[PDB]
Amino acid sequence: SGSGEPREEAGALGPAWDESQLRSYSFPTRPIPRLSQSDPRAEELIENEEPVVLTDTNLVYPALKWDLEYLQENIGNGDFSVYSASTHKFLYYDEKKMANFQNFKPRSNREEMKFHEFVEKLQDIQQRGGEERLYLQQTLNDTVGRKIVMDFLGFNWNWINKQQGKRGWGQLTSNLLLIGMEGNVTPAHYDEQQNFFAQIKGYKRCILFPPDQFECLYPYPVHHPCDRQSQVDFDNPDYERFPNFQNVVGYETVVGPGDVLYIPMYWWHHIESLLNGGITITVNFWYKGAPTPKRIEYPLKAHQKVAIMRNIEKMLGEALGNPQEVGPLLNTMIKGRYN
């Protein structure tokens, strides 16, 4: 039990969720702390780059009223990236890297459309009873209607801007809106930026793994379109190819409306929209991490070693003139020499 006992909602409305809405996996977890932003422990966790769920930021307070109808009326007439998938797992592909690996075609199609088309496409699926799932993921721009601009202005910019200043982070790079169907799964991956994951509607089970568990999670090659994702099928883990997955230990939480999960830079995260929980809405805030310090302190952090491993794969990819020779060169380098 990583998320703990399901939290009770105000007004004696009882269980927000129950454990049968969670998917079953083979690894143990422990709870990410649920704290208040006023708690000095929450401050220590963020500076030390450990995950924390803040319960009372009011970061996206004006957005707590968002649903499909309100958004459809006010978000405007931009294009929204909608990812499709025949299964519940939404594996993403770097379309630019799809050239290096000709021997693969994607399984989660992206399709640009207008917001009203996505809403029509969604309740079509619920009435046809079909198995197809959709996931709208669109960076917020200024092509957005007046009432949503007002809501944006209503975010707690005082709090998050001071968090950016106190941690030495870079600038805010994007505000990703995510709207998803129940049961949708974003499979385990890590990002290179600091993330405040602000939950708006519905419930999302977030399972995180620290950077020192690189060896248990087996990311794709840097040049692979699925760069930064685990190769391990959490529903059917191949212990023969991925034996250290038997040693993986996660940090787990379930975020609901009003909650803000800090996902530290380089922390693995597996996110799922709770089964039979309806649609989920999230806004993400991405900050570039703080610049690498003056004097390098040893021993290195785990995330610096990941960054080192990424640079070696990149450097080899361009030195050899072909990303596909990285593998054989690296094996030639270690076989009988370092293993």
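Residue positions are given as counts along the sequence shown, with the first one as 1. Only the largest set of C-alpha atoms that superpose within 1.5 Å between the two forms is called the rigid core.
Taken in 9 other deposited structures of this protein and fitted on the core, 95-103 and 155-163 differ in how far their Cα atoms move from the shown form, and the one that moves more is 95-103. The higher RMS C-alpha distance to the shown form in 9 other deposited structures of this protein, out of 189-197 and 104-112, belongs to 104-112, with every structure fitted on the core. Mean CA temperature factor is higher for 120-128 when stretches 254-262 and 120-128 are set side by side in the entry.
As the entry records it, the average C-alpha temperature factor is higher for 139-147, out of 139-147 and 178-186. Of the candidates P293, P62, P28, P51, the PDB record gives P293 the highest C-alpha temperature factor.
The maximum CA B-factor among the listed residues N244, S84, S230, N236, taken from the PDB record, is found at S84.
Placement of the Cα temperature factor of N276 within the chain: highest third of the modelled residues, per the deposited record. Split the chain's modelled residues into thirds by C-alpha temperature factor. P15 is in the highest one. Per the PDB record, residue ranking by Cα B-factor puts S1 in the highest third of the chain. Annotation for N158: CA B-factor lies in the middle third of the chain's modelled residues. Among all modelled residues in this chain, the alpha-carbon of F90 has a temperature factor (C-alpha) in the middle third.
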